[PDB]
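First comes one chain, alone, set out as structure tokens in the form deposited in one PDB entry.
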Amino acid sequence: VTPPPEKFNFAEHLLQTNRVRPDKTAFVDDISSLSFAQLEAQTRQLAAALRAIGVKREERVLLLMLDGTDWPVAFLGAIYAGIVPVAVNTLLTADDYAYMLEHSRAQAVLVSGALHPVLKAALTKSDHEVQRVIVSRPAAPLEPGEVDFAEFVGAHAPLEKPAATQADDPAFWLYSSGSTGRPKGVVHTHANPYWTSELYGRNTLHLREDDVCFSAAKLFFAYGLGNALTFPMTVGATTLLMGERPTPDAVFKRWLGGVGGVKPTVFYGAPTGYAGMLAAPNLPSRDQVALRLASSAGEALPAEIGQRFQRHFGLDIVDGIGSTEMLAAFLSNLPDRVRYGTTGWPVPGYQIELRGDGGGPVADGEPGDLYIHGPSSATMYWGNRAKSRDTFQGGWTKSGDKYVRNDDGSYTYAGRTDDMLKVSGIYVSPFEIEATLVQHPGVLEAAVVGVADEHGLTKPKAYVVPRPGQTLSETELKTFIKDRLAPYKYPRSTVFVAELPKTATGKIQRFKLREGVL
């Protein structure tokens, strides 16, 4: 793979690549579609619109939008103008967005109408620098100053040339959370999604022009950003986007060609999603779908889920591990080489290290801390030098995982080194859940650990000490957590206990809870 030139604008690169297929569908969702030509026009018109309102090169804008054909226009349009889009989760609270607006110093916000209310709350309570709010598909009247995304794009002539960016300049940000502290702004360069899209999308998955890509993982996830934007645009594939929550019925409807007259040939999701679909009553048969490749990421794929998917569809699930910091997978099974119970082999282009307790090599079969050296690594966490020093160490990126290398060169996941839990393939901090539970007036203490469910998938499990003298029923506690935590963070069960095992210094002995002692 030939490195990108030093003068390089990722958005312009993706546009140029597809000037050979102007009338092929680039993106299609429930209500709209965009050829590569139409996408290029609207991308460059949005870039001009953003510059016209005074957003200058290297400044950030907040991109808070459901998956839809407007999403890649917003993302590539900012990048084409040398403006840095900060692409964020659509299921967060006003407080979360308030912090992101201040931390990013976003100068404009591109928001889906359905998300305007939470953004309104975030703008009102924050010390933001937002100059303009641009609402894609408004769901309510427009407040003074705000503009409709389609009118905004339609009102400016396409920018004549891209910003003269370098390949190592920041191009976009994603946020990722550790076990405590604020979400971390992961800064990715113009080069990084070129490397992931060439090394993984093209050379590992073998995506191609006649593919139709469909990702249960949303575009604001690093995984989804590759699956359904950078990978397909790199090979000219057509991408199906879906705004709504990715339930089995929603997914099946798309698999069967219920949207845009296209049937997906490549599907991406988390193992939890695959388990959910395999259990659905209306699982399609192979003759009904056009899938040729099924990708999985976010959490380890239990062998039995892959085996059941293979037995039903005649297709393996290809399990790879990536991270927000590395942007896409660096360890992966191959489409024609799958070993269930492992994450496969290093992606060519990435060097992998397992380090022991002195930082040195570990022997095959023993766990070590995983570190990755690859050309797609994020450069830093914006504004957090301490965590950046901890993570990005002179060419090597600490993943937070432990892995075991097998005799055939494959790698088996062996857990985290930080307490973080991956539930439905999404980061969850047990300390957040604990902190939420102890604000219930009936809870004295709480400890949360991860437990494998019947399918081998990790879920939170809560141990709660009731506050003496307070009626506390499981049902009232479930309702308490319903409106305070996103559903994927719900504890699978809650065990009420009279005490928690504690050292003798006030620390909960969480491993005894993992061990089943209570």
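All residue numbers refer to positions in the sequence shown, first residue = 1.
Comparing the deposited coordinates for 237-245 and 218-226, the stretch with the larger average C-alpha B-factor is 237-245. Averaged over Cα atoms, the B-factor as recorded in the entry is higher for 406-414 than for the other of 194-202 and 406-414.
Comparing C-alpha B-factors across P85, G257, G82, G145 in the deposited entry, the largest value falls on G145. The PDB entry assigns the greatest CA B-factor among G425, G394, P264, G349 to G394. The PDB entry assigns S323 a C-alpha temperature factor belonging to the lowest third of its chain's modelled residues.
Per the deposited record, the Cα B-factor of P138 falls in the middle third when ranked against the other modelled residues of its chain.
In the PDB entry, a CA B factor belonging to the middle third of its chain's modelled residues is recorded for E40. In the PDB entry, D357 places in the highest third of its chain by CA B-factor.
Looking at the C-alpha B-factors along this chain, the one for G469 belongs to the highest third.
Keep in mind the form solved in complex with a small molecule is missing from the figure; the text below concerns it.
Although the partner is absent here, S410 is not a contact residue: none of its heavy atoms lies within 4.5 angstroms of the small molecule in the deposited complex. Although the partner is absent here, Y80 lies well away from the small molecule in the deposited complex, with no heavy atom inside 4.5 Å. Heavy atoms of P246 reach within 4.5 Å of the small molecule in the deposited complex, making it an interface residue. Put simply, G273 is close to the small molecule in the deposited complex: some heavy atom of it is within 4.5 Å. Among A216, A378, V86, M233, the residue placing a heavy atom within 4.5 Å of the small molecule in the deposited complex is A216.
The contact residue chosen from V251, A108, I433, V212 relative to the small molecule in the deposited complex is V251, the criterion being a non-hydrogen atom within 4.5 angstroms. The stretch from 382-390, 134-142, 273-281, 94-102 that comes within 4.5 Å of the small molecule in the deposited complex, counting heavy atoms only, is 273-281.
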